[PDB]
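What follows is one structure encoded as structure tokens, with my remarks underneath.
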Amino acid sequence: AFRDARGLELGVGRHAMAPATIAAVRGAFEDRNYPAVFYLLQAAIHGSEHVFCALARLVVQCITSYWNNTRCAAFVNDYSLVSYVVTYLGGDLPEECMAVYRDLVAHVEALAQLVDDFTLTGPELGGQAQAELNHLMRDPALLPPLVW
Amino acid sequence: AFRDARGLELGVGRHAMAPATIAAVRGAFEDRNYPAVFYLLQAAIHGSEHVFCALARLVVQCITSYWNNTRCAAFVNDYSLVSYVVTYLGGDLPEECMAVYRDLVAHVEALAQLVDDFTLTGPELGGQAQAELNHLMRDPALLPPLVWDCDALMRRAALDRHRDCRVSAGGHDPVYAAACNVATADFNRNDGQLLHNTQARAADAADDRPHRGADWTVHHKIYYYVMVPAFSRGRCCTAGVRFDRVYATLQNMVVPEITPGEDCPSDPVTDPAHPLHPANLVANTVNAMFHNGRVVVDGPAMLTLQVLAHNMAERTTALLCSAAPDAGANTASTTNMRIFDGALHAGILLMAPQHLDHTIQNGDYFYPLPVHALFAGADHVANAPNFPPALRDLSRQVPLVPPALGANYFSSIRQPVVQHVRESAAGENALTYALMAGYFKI
Amino acid sequence: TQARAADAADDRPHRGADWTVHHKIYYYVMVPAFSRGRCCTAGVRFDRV
Amino acid sequence: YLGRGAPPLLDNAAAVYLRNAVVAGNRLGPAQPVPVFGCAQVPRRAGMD
Amino acid sequence: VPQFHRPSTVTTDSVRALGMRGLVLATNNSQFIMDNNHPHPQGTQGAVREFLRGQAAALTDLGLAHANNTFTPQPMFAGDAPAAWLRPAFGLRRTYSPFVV
Amino acid sequence: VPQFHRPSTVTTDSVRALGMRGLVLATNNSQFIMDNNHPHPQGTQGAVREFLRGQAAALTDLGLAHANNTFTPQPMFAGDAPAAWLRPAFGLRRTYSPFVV
Amino acid sequence: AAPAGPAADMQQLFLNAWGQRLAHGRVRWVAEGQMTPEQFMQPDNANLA
């Protein structure tokens, strides 16, 4: 209960997330029988430029079918694919589904600038930034759990 | 919060922007998969009436294709382009898409009536009327950050001598040119030649009189320095445009000849004679460029692009300008100190950072330039090659404006206006009043 | 993950240091919030895929 | 920082960066940095309320 | 005949004699190693200038290939009309669809 | 001729000579008792490696069976164009429907 | 600075001139922006004078 007040302490209006997206994404992780073709795809793209731009029409026809299906976002488990769908796949997808992907990537970028408002500018410390000695998620000491 | 309450002090109800029409504008500065075709036109029209009213069948088919996609406005970049769609494009856009454009021109004019409330009437001072000496945005000592003309310069050159008027142009004094041509252009000239291309018609060709009168510069100033930082929340800077390849793209055309017993191709998918049909999609064509951004254009509308031969232009030039404090504040204590303002000429403001599209190299079109501390890209300044690796630590924290366009102790808007944008909690309808009550002079 | 086949880099990492900051904040903050635990990672047998 | 007993951290780039940013311009911070054996001094306030 | 790997070859009459249907295809089928043995008389400066001047003449010929399909264009603005003292001048807000069967 | 109950039989040229229409059907009509009398020279390690190398060559032949139906593919990204000094390089965002009647 | 040369290569010529000078100390006016209005009154800044 104390940490949620701290979670509300930054929810003054730095960024909000739409409730239509949340009920779609909460479904998508709770989707039983999420079709295992997508799991087979996520191995096959590698999160790579050369594969995703080549297989771009298949990703559209899968998601548009899945958007006419259960009304949840697709490929939610991989961040790499989501940023690729935002930056490459244009007006093919119906944009009630696209507004979900807008409220994910912009939500991630708003999280990153929480740190920079809480750091004092100036000199490096050997050999890293002093904006980097505060937030663990910026350190290269960590790795992402799934690295392609 | 004190400034945001001040914005609510003028938020009695002079004018309000509709809340359903705000989200179309915020999405426009949030756009990824934002097609660079629109950016190419924003360099192509230049704000010329002759070019705009010629490309009207393209732009209406561009906006309708975009408004049916995003529920977000198009051509939000150039304010000259915004008002032209409001005035000289009628109701041939849909019923809802026009109402977004109705608000913005109303909201800019709504800010203009703040000044005439807060200025007392009375005689002039040497050498300008004293209803202008309160709000900095009406003074010609400022310049808009992106000026397509020499109108703001010529309103400035009439000002008296003992307040300084020196405006440098690439290390030269400005020289004008009426119009350019295909055989005239000569892009890489270094001299003080500037351009005046945007006219109503070619029969005018004037040099020393400004086109449309002095309030037209005020509407541009109110848009870029009040409206734009409120919506964009920092995040947007300007860019110089390589006119080498922008014209070299757009004149690539593939339109097949039509059987005389056949009608006009309308459907973009099933028609083989369609220009955006996949049989006519060849790399580095403009038919390839539209399909990159999901834009549906009719066949014979494509041949209207030939007007871009006549009204052409050249390089984005950096313009320092120098004025030392406006009248009524000139004292023997304060003569020597100057106020420098940066302003690009014929430039494009980038409305969103774009990195992950490797379908366009960084620097094929646009040379990004941070004019003012308001306009500094936190992303696309850092990732424009060549960038030193030790700076992308520090590039996010402070802006990287070069003092070839003015520094943050000399420029007329200092730094802490920019930080007030990022710490805003009152919403868009209160900030636009809040900045205007900041820009009044002391 | 290369923008074209002509790069083939080893000593050059691909896209800059902000890209790894985006991934970490997604998997460790966003992902456990939505799914309420309940996820796992899986070593994928690329043989049959 | 008057205490002198506890060991500092390793990097003198970082260990001095705190000591400048805590002492300056604190009221109780030492004026001249602490002597090797003796008691450090607190600067004389110009007036007392 | 233009040779796009040689900058001294490109002239306006060489570009204009090639059709815009085949102009793009000729560029897409050349080699991408620039020969420095054939310099343009203005270098890479005027060669880009020379190439732009060839395309603009070709597209006017492309409009003449569709001139049977398009209507005659009217002046866009006012101020340009022969009978101006008894009748005011109009411009056409070009929003229609020019097409001739 | 491949015999999928014998791991030493599968080669790339044996898989490629069988069509992908009949490749799946040949696997679905074999027995499922593996004969250990015929070991592959790399065992089950290289036999899976050998089987994957046969399918990829067959699907390129499957695209050649539909090569009359598909358009010529353009480069996906920028940075690959012959006339790169007078014209910028594009990529095609492959979203269209390649089909030839 | 006065605008020297063409502006098509202005900023790339800029950062190579100032690559050292940006990172030697802290920029004054930015760090005041993150000051609490009571912290700014304190002698922590030493830029009140």
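Labels for the structure tokens follow display order: chains A, B, ..., residues from 1 in each chain, ligands from 1.
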Chain E in the frame of chain F after Cα least-squares fit, as a compact mmCIF listing (two decimals) with N, CA, C and O atoms, in the first residue's frame:
# COMPACT_ATOMS: atom_id res chain seq x y z
N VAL E 1 15.73 -41.89 -53.68
CA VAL E 1 14.47 -42.16 -53.01
C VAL E 1 14.69 -42.26 -51.50
O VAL E 1 15.38 -43.17 -51.03
N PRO E 2 14.11 -41.34 -50.74
CA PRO E 2 14.30 -41.36 -49.29
C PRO E 2 13.45 -42.42 -48.61
O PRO E 2 12.33 -42.73 -49.03
N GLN E 3 14.01 -42.98 -47.55
CA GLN E 3 13.33 -43.96 -46.70
C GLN E 3 13.43 -43.45 -45.27
O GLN E 3 14.47 -43.63 -44.62
N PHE E 4 12.36 -42.84 -44.77
CA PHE E 4 12.41 -42.08 -43.53
C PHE E 4 12.50 -42.95 -42.28
O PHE E 4 12.68 -42.41 -41.19
N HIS E 5 12.37 -44.27 -42.41
CA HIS E 5 12.68 -45.16 -41.30
C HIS E 5 14.14 -45.58 -41.28
O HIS E 5 14.55 -46.32 -40.38
N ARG E 6 14.93 -45.13 -42.26
CA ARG E 6 16.37 -45.39 -42.30
C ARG E 6 17.11 -44.06 -42.35
O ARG E 6 17.04 -43.36 -43.36
N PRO E 7 17.83 -43.69 -41.28
CA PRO E 7 18.47 -42.37 -41.25
C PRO E 7 19.62 -42.20 -42.23
O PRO E 7 19.96 -41.06 -42.58
N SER E 8 20.22 -43.29 -42.71
CA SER E 8 21.34 -43.17 -43.64
C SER E 8 20.89 -42.90 -45.07
O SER E 8 21.73 -42.67 -45.94
N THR E 9 19.58 -42.92 -45.32
CA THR E 9 19.07 -42.75 -46.68
C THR E 9 18.92 -41.29 -47.06
O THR E 9 19.14 -40.93 -48.22
N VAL E 10 18.60 -40.43 -46.10
CA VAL E 10 18.21 -39.05 -46.37
C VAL E 10 19.43 -38.24 -46.80
O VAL E 10 20.39 -38.11 -46.05
N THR E 11 19.39 -37.74 -48.03
CA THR E 11 20.33 -36.76 -48.54
C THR E 11 19.55 -35.58 -49.09
O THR E 11 18.33 -35.65 -49.25
N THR E 12 20.26 -34.48 -49.37
CA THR E 12 19.60 -33.29 -49.91
C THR E 12 19.04 -33.53 -51.30
O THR E 12 17.92 -33.11 -51.61
N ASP E 13 19.81 -34.21 -52.15
CA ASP E 13 19.36 -34.50 -53.51
C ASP E 13 18.24 -35.52 -53.53
O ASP E 13 17.45 -35.54 -54.49
N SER E 14 18.13 -36.37 -52.50
CA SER E 14 16.98 -37.25 -52.39
C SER E 14 15.73 -36.50 -51.97
O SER E 14 14.63 -36.82 -52.43
N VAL E 15 15.88 -35.51 -51.09
CA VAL E 15 14.73 -34.72 -50.67
C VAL E 15 14.30 -33.76 -51.78
O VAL E 15 13.10 -33.63 -52.06
N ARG E 16 15.26 -33.11 -52.44
CA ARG E 16 14.94 -32.10 -53.44
C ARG E 16 14.28 -32.70 -54.68
O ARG E 16 13.41 -32.07 -55.29
N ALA E 17 14.67 -33.92 -55.06
CA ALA E 17 14.05 -34.59 -56.20
C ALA E 17 12.60 -34.96 -55.95
O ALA E 17 11.84 -35.12 -56.91
N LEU E 18 12.19 -35.09 -54.70
CA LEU E 18 10.80 -35.28 -54.34
C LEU E 18 10.14 -33.92 -54.16
O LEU E 18 10.71 -33.03 -53.50
N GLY E 19 8.97 -33.74 -54.75
CA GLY E 19 8.27 -32.48 -54.64
C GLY E 19 7.71 -32.26 -53.25
O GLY E 19 7.40 -33.20 -52.51
N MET E 20 7.56 -30.98 -52.89
CA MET E 20 7.05 -30.62 -51.57
C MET E 20 5.58 -30.95 -51.42
O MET E 20 5.09 -31.06 -50.28
N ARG E 21 4.85 -31.11 -52.53
CA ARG E 21 3.51 -31.68 -52.47
C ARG E 21 3.56 -33.14 -52.04
O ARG E 21 2.69 -33.60 -51.29
N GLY E 22 4.57 -33.87 -52.49
CA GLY E 22 4.73 -35.27 -52.12
C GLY E 22 5.73 -35.52 -51.01
O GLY E 22 5.88 -36.66 -50.56
N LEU E 23 6.43 -34.47 -50.57
CA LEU E 23 7.38 -34.62 -49.47
C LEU E 23 6.67 -34.92 -48.16
O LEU E 23 7.11 -35.79 -47.40
N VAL E 24 5.59 -34.20 -47.88
CA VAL E 24 4.84 -34.42 -46.65
C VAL E 24 4.13 -35.76 -46.70
O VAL E 24 4.09 -36.50 -45.70
N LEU E 25 3.59 -36.12 -47.86
CA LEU E 25 2.86 -37.36 -48.03
C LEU E 25 3.76 -38.59 -47.94
O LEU E 25 3.30 -39.65 -47.51
N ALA E 26 5.03 -38.46 -48.33
CA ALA E 26 5.96 -39.58 -48.17
C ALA E 26 6.31 -39.80 -46.71
O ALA E 26 6.50 -40.94 -46.27
N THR E 27 6.39 -38.71 -45.93
CA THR E 27 6.63 -38.85 -44.50
C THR E 27 5.43 -39.43 -43.78
O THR E 27 5.58 -40.17 -42.81
N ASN E 28 4.22 -39.11 -44.25
CA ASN E 28 3.01 -39.58 -43.59
C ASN E 28 2.67 -41.02 -43.95
O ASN E 28 1.70 -41.57 -43.40
N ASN E 29 3.41 -41.65 -44.86
CA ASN E 29 3.08 -43.00 -45.29
C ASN E 29 4.19 -43.99 -45.00
O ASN E 29 4.17 -45.11 -45.53
N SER E 30 5.17 -43.62 -44.17
CA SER E 30 6.23 -44.53 -43.78
C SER E 30 5.85 -45.24 -42.49
O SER E 30 4.82 -44.97 -41.88
N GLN E 31 6.70 -46.18 -42.08
CA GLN E 31 6.55 -46.79 -40.77
C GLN E 31 7.27 -45.94 -39.73
O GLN E 31 8.14 -45.12 -40.05
N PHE E 32 6.91 -46.12 -38.46
CA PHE E 32 7.47 -45.29 -37.39
C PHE E 32 8.40 -46.07 -36.47
O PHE E 32 8.67 -45.63 -35.35
N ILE E 33 8.92 -47.21 -36.93
CA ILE E 33 9.91 -47.97 -36.18
C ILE E 33 11.26 -47.71 -36.84
O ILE E 33 11.49 -48.13 -37.98
N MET E 34 12.14 -47.02 -36.13
CA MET E 34 13.44 -46.65 -36.67
C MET E 34 14.35 -47.88 -36.74
O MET E 34 14.53 -48.59 -35.75
N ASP E 35 14.92 -48.12 -37.92
CA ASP E 35 15.90 -49.18 -38.09
C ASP E 35 17.28 -48.67 -37.66
O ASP E 35 17.78 -47.67 -38.18
N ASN E 36 17.88 -49.37 -36.70
CA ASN E 36 19.22 -49.03 -36.24
C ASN E 36 20.30 -49.73 -37.06
O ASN E 36 21.49 -49.52 -36.81
N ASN E 37 19.90 -50.55 -38.03
CA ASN E 37 20.87 -51.24 -38.87
C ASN E 37 21.47 -50.29 -39.91
O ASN E 37 22.52 -50.59 -40.49
N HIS E 38 20.82 -49.16 -40.16
CA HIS E 38 21.29 -48.17 -41.12
C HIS E 38 21.56 -46.85 -40.42
O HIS E 38 20.69 -45.96 -40.42
N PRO E 39 22.74 -46.66 -39.82
CA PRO E 39 23.01 -45.38 -39.16
C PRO E 39 23.53 -44.32 -40.12
O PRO E 39 24.27 -44.61 -41.06
N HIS E 40 23.11 -43.08 -39.88
CA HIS E 40 23.64 -41.96 -40.63
C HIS E 40 25.10 -41.73 -40.24
O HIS E 40 25.49 -42.04 -39.11
N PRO E 41 25.94 -41.25 -41.16
CA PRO E 41 27.36 -41.00 -40.81
C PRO E 41 27.58 -39.94 -39.74
O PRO E 41 28.65 -39.92 -39.13
N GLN E 42 26.60 -39.07 -39.49
CA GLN E 42 26.63 -38.18 -38.34
C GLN E 42 25.58 -38.55 -37.30
O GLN E 42 25.40 -37.82 -36.33
N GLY E 43 24.87 -39.66 -37.49
CA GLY E 43 23.83 -40.07 -36.58
C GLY E 43 22.58 -39.22 -36.74
O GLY E 43 22.29 -38.67 -37.80
N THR E 44 21.84 -39.10 -35.63
CA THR E 44 20.66 -38.25 -35.63
C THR E 44 21.01 -36.77 -35.62
O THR E 44 20.12 -35.93 -35.83
N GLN E 45 22.27 -36.43 -35.37
CA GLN E 45 22.71 -35.04 -35.40
C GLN E 45 22.66 -34.47 -36.81
O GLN E 45 21.96 -33.48 -37.07
N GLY E 46 23.39 -35.08 -37.75
CA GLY E 46 23.45 -34.56 -39.10
C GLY E 46 22.27 -34.94 -39.96
O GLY E 46 22.06 -34.32 -41.00
N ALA E 47 21.50 -35.94 -39.55
CA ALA E 47 20.32 -36.34 -40.32
C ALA E 47 19.24 -35.27 -40.26
O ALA E 47 18.54 -35.04 -41.25
N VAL E 48 19.09 -34.62 -39.11
CA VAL E 48 18.19 -33.47 -39.02
C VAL E 48 18.76 -32.30 -39.80
O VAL E 48 18.02 -31.55 -40.46
N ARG E 49 20.09 -32.13 -39.75
CA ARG E 49 20.76 -31.12 -40.56
C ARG E 49 20.59 -31.38 -42.05
O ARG E 49 20.39 -30.44 -42.83
N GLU E 50 20.65 -32.65 -42.45
CA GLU E 50 20.53 -33.01 -43.86
C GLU E 50 19.11 -32.80 -44.36
O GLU E 50 18.91 -32.40 -45.52
N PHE E 51 18.11 -33.05 -43.51
CA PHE E 51 16.71 -32.93 -43.89
C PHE E 51 16.29 -31.48 -44.08
O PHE E 51 15.47 -31.18 -44.95
N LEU E 52 16.82 -30.57 -43.26
CA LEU E 52 16.49 -29.15 -43.39
C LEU E 52 17.08 -28.56 -44.66
O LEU E 52 16.46 -27.69 -45.28
N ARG E 53 18.26 -29.02 -45.05
CA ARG E 53 18.91 -28.51 -46.25
C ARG E 53 18.21 -28.95 -47.53
O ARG E 53 18.39 -28.30 -48.56
N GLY E 54 17.40 -30.01 -47.48
CA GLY E 54 16.65 -30.42 -48.64
C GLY E 54 15.37 -29.63 -48.86
O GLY E 54 14.96 -29.43 -50.00
N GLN E 55 14.74 -29.17 -47.77
CA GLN E 55 13.48 -28.45 -47.90
C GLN E 55 13.68 -27.05 -48.44
O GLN E 55 12.85 -26.56 -49.22
N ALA E 56 14.76 -26.38 -48.03
CA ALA E 56 14.97 -24.99 -48.42
C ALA E 56 15.24 -24.86 -49.91
O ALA E 56 14.85 -23.86 -50.53
N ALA E 57 15.90 -25.85 -50.50
CA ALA E 57 16.11 -25.84 -51.94
C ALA E 57 14.82 -26.12 -52.70
O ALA E 57 14.63 -25.61 -53.81
N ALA E 58 13.93 -26.93 -52.12
CA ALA E 58 12.68 -27.26 -52.79
C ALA E 58 11.72 -26.08 -52.81
O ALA E 58 10.98 -25.91 -53.78
N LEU E 59 11.72 -25.26 -51.76
CA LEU E 59 10.78 -24.15 -51.71
C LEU E 59 11.19 -23.02 -52.65
O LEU E 59 10.33 -22.29 -53.15
N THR E 60 12.50 -22.86 -52.89
CA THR E 60 12.95 -21.97 -53.94
C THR E 60 12.49 -22.45 -55.31
O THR E 60 12.17 -21.63 -56.18
N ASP E 61 12.43 -23.77 -55.51
CA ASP E 61 11.83 -24.31 -56.72
C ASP E 61 10.32 -24.14 -56.73
O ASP E 61 9.72 -24.05 -57.80
N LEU E 62 9.70 -24.10 -55.54
CA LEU E 62 8.27 -23.85 -55.47
C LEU E 62 7.94 -22.41 -55.84
O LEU E 62 6.91 -22.15 -56.46
N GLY E 63 8.81 -21.47 -55.46
CA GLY E 63 8.64 -20.09 -55.91
C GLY E 63 8.84 -19.93 -57.40
O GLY E 63 8.17 -19.11 -58.03
N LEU E 64 9.74 -20.72 -57.98
CA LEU E 64 9.90 -20.74 -59.42
C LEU E 64 8.71 -21.37 -60.13
O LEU E 64 8.47 -21.06 -61.30
N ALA E 65 7.95 -22.23 -59.44
CA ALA E 65 6.71 -22.73 -60.02
C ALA E 65 5.64 -21.65 -60.05
O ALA E 65 4.72 -21.71 -60.87
N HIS E 66 5.73 -20.66 -59.16
CA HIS E 66 4.84 -19.51 -59.15
C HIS E 66 5.53 -18.23 -59.59
O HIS E 66 5.04 -17.14 -59.29
N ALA E 67 6.66 -18.35 -60.28
CA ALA E 67 7.41 -17.17 -60.70
C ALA E 67 6.67 -16.40 -61.79
O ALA E 67 6.86 -15.19 -61.94
N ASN E 68 5.83 -17.08 -62.57
CA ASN E 68 4.98 -16.39 -63.53
C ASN E 68 3.87 -15.62 -62.84
O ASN E 68 3.28 -14.70 -63.42
N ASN E 69 3.56 -15.99 -61.60
CA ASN E 69 2.46 -15.37 -60.88
C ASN E 69 2.93 -14.19 -60.03
O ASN E 69 2.14 -13.30 -59.70
N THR E 70 4.21 -14.16 -59.66
CA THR E 70 4.73 -13.14 -58.76
C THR E 70 5.49 -12.07 -59.53
O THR E 70 6.03 -12.32 -60.61
N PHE E 71 5.52 -10.87 -58.95
CA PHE E 71 6.31 -9.78 -59.51
C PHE E 71 7.77 -9.92 -59.10
O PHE E 71 8.13 -10.69 -58.21
N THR E 72 8.62 -9.15 -59.77
CA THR E 72 10.03 -9.11 -59.43
C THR E 72 10.21 -8.33 -58.13
O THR E 72 9.76 -7.18 -58.04
N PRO E 73 10.85 -8.90 -57.12
CA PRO E 73 11.02 -8.19 -55.85
C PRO E 73 12.10 -7.12 -55.92
O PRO E 73 13.18 -7.32 -56.49
N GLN E 74 11.80 -5.99 -55.32
CA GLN E 74 12.66 -4.83 -55.17
C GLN E 74 13.42 -4.92 -53.85
O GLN E 74 13.02 -5.68 -52.96
N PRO E 75 14.54 -4.21 -53.69
CA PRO E 75 15.22 -4.20 -52.40
C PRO E 75 14.40 -3.54 -51.30
O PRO E 75 13.74 -2.52 -51.51
N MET E 76 14.47 -4.14 -50.12
CA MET E 76 13.59 -3.80 -49.01
C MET E 76 14.00 -2.50 -48.35
O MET E 76 13.18 -1.81 -47.73
N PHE E 77 15.28 -2.16 -48.45
CA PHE E 77 15.82 -1.04 -47.69
C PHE E 77 16.55 -0.07 -48.61
O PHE E 77 16.68 -0.30 -49.81
N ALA E 78 17.01 1.02 -48.02
CA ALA E 78 17.85 1.97 -48.74
C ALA E 78 19.29 1.47 -48.77
O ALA E 78 19.63 0.41 -48.24
N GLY E 79 20.16 2.27 -49.38
CA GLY E 79 21.57 1.96 -49.43
C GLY E 79 21.98 1.02 -50.54
O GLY E 79 23.16 0.67 -50.62
N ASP E 80 21.05 0.59 -51.39
CA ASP E 80 21.34 -0.35 -52.46
C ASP E 80 20.66 0.13 -53.73
O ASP E 80 19.51 -0.25 -54.01
N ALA E 81 21.36 0.95 -54.50
CA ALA E 81 20.84 1.48 -55.75
C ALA E 81 22.02 1.85 -56.65
O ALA E 81 23.06 2.28 -56.14
N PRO E 82 21.89 1.66 -57.96
CA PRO E 82 22.99 2.02 -58.86
C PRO E 82 23.24 3.51 -58.96
O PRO E 82 24.38 3.96 -58.78
N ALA E 83 22.21 4.30 -59.23
CA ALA E 83 22.34 5.74 -59.38
C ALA E 83 22.12 6.38 -58.02
O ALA E 83 21.03 6.88 -57.71
N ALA E 84 23.16 6.37 -57.20
CA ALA E 84 23.04 6.78 -55.81
C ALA E 84 23.55 8.20 -55.58
O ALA E 84 23.32 8.77 -54.51
N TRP E 85 24.23 8.78 -56.56
CA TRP E 85 24.81 10.11 -56.36
C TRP E 85 23.92 11.21 -56.90
O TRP E 85 24.07 12.37 -56.53
N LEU E 86 22.98 10.87 -57.79
CA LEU E 86 22.00 11.83 -58.25
C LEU E 86 20.60 11.54 -57.73
O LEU E 86 19.73 12.41 -57.81
N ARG E 87 20.36 10.34 -57.21
CA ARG E 87 19.04 9.92 -56.76
C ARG E 87 19.19 9.14 -55.47
O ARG E 87 20.08 8.28 -55.36
N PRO E 88 18.38 9.42 -54.45
CA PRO E 88 18.47 8.64 -53.21
C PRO E 88 17.87 7.25 -53.38
O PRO E 88 17.04 7.00 -54.26
N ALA E 89 18.31 6.34 -52.52
CA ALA E 89 17.87 4.95 -52.56
C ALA E 89 16.64 4.78 -51.67
O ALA E 89 16.60 5.32 -50.56
N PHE E 90 15.65 4.05 -52.16
CA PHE E 90 14.47 3.75 -51.38
C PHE E 90 14.43 2.27 -51.05
O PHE E 90 15.15 1.46 -51.64
N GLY E 91 13.57 1.92 -50.11
CA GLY E 91 13.13 0.55 -49.95
C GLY E 91 11.61 0.49 -50.08
O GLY E 91 10.92 1.48 -49.84
N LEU E 92 11.11 -0.67 -50.48
CA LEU E 92 9.66 -0.86 -50.55
C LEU E 92 9.18 -1.56 -49.29
O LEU E 92 9.62 -2.66 -48.95
N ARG E 93 8.28 -0.89 -48.58
CA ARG E 93 7.55 -1.48 -47.47
C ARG E 93 6.58 -2.50 -48.05
O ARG E 93 5.52 -2.14 -48.56
N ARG E 94 6.96 -3.78 -47.98
CA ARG E 94 6.28 -4.83 -48.74
C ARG E 94 4.93 -5.13 -48.11
O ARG E 94 4.79 -6.02 -47.26
N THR E 95 3.93 -4.37 -48.53
CA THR E 95 2.58 -4.51 -48.02
C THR E 95 1.57 -4.87 -49.10
O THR E 95 0.44 -5.23 -48.77
N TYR E 96 1.95 -4.77 -50.36
CA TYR E 96 1.05 -4.99 -51.48
C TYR E 96 0.78 -6.48 -51.68
O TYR E 96 1.24 -7.34 -50.92
N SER E 97 0.03 -6.78 -52.72
CA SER E 97 -0.36 -8.14 -53.04
C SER E 97 0.24 -8.54 -54.38
O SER E 97 -0.34 -8.24 -55.43
N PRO E 98 1.39 -9.22 -54.39
CA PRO E 98 1.98 -9.65 -55.67
C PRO E 98 1.16 -10.75 -56.32
O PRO E 98 1.02 -11.86 -55.80
N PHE E 99 0.60 -10.43 -57.49
CA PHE E 99 -0.19 -11.39 -58.25
C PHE E 99 -0.18 -10.96 -59.71
O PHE E 99 -0.43 -9.80 -60.02
N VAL E 100 0.09 -11.91 -60.60
CA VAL E 100 0.12 -11.66 -62.03
C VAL E 100 -0.88 -12.60 -62.70
O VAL E 100 -0.81 -13.82 -62.51
N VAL E 101 -1.79 -12.03 -63.48
CA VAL E 101 -2.80 -12.82 -64.15
C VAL E 101 -2.21 -13.60 -65.32
O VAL E 101 -1.11 -13.31 -65.78
Original post:
Quick one: which residues from chain A are at most 6 Å off chain C, using only C-alpha atoms, as an NGL selection string?
Top reply: :A and (26 or 29 or 48-49 or 138 or 144)
Original post:
Any idea which chain B residues end up within 9 Å of chain E if we count only C-alpha atoms, as a PyMOL selection string please?
Top reply: chain B and resi 50+53-58+60+88-90+92+182-183+185-188+200-201+203+244-245+247-248+251-258+260-264+282-285+298+300-301+303-304+306+308-309
Subject >> Exercise: residue 190 (chain B) partners within 8 Å, only C-alpha atoms, chain neighbours under 4 positions left out, as a PyMOL selection string >> reply: (chain B and resi 170) or (chain G and resi 5-6)
Subject >> Exercise: region 84-90 of chain A partners within 10 Å, only C-alpha atoms, chain neighbours under 2 positions left out, as a PyMOL selection string >> reply: (chain A and resi 47-49+52-53+56-57+59-60+75+79-82+92-95+98-99+101-102+104-105) or (chain B and resi 31-35+69-70+292-294+354-359) or (chain F and resi 93-95)
Pull C-alpha atoms from the residues just selected and write them as an mmCIF file, in the first residue's frame.
data_model
loop_
_atom_site.group_PDB
_atom_site.id
_atom_site.type_symbol
_atom_site.label_atom_id
_atom_site.label_comp_id
_atom_site.auth_asym_id
_atom_site.auth_seq_id
_atom_site.Cartn_x
_atom_site.Cartn_y
_atom_site.Cartn_z
ATOM 1 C CA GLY A 47 13.391 -9.844 -34.011
ATOM 2 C CA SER A 48 15.385 -9.094 -37.152
ATOM 3 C CA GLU A 49 15.087 -6.342 -39.746
ATOM 4 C CA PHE A 52 10.251 -8.805 -40.402
ATOM 5 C CA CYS A 53 10.295 -6.470 -43.400
ATOM 6 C CA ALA A 56 5.512 -8.060 -43.162
ATOM 7 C CA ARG A 57 2.373 -9.107 -45.031
ATOM 8 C CA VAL A 59 2.228 -10.335 -39.733
ATOM 9 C CA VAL A 60 -0.584 -8.087 -40.978
ATOM 10 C CA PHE A 75 3.074 -10.330 -30.329
ATOM 11 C CA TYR A 79 9.121 -5.801 -27.319
ATOM 12 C CA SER A 80 11.247 -5.956 -30.487
ATOM 13 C CA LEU A 81 8.293 -6.972 -32.634
ATOM 14 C CA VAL A 82 6.013 -4.309 -31.127
ATOM 15 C CA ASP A 92 -2.880 -2.004 -43.072
ATOM 16 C CA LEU A 93 -3.858 -2.872 -39.514
ATOM 17 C CA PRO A 94 -7.191 -1.407 -38.329
ATOM 18 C CA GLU A 95 -6.248 1.497 -36.167
ATOM 19 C CA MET A 98 -2.844 0.357 -33.768
ATOM 20 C CA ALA A 99 -3.793 2.704 -30.915
ATOM 21 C CA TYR A 101 0.576 -0.233 -29.976
ATOM 22 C CA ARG A 102 0.783 3.552 -29.729
ATOM 23 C CA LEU A 104 2.672 0.792 -25.415
ATOM 24 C CA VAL A 105 5.796 2.261 -27.043
ATOM 25 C CA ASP B 31 3.183 9.657 -35.337
ATOM 26 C CA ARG B 32 5.433 6.829 -36.305
ATOM 27 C CA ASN B 33 4.868 5.347 -39.735
ATOM 28 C CA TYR B 34 4.391 9.009 -40.609
ATOM 29 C CA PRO B 35 5.064 9.034 -44.354
ATOM 30 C CA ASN B 69 -6.264 6.214 -41.374
ATOM 31 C CA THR B 70 -5.129 7.945 -38.221
ATOM 32 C CA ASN B 292 5.439 3.388 -48.591
ATOM 33 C CA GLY B 293 2.900 5.488 -46.666
ATOM 34 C CA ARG B 294 -0.514 4.001 -47.652
ATOM 35 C CA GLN B 354 12.369 8.601 -36.787
ATOM 36 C CA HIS B 355 15.263 6.158 -36.567
ATOM 37 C CA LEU B 356 14.085 2.622 -37.184
ATOM 38 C CA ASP B 357 13.028 3.205 -40.787
ATOM 39 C CA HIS B 358 16.116 2.013 -42.636
ATOM 40 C CA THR B 359 14.209 2.524 -45.886
ATOM 41 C CA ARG F 93 7.547 -1.477 -47.474
ATOM 42 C CA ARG F 94 6.286 -4.832 -48.743
ATOM 43 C CA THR F 95 2.579 -4.509 -48.020
#
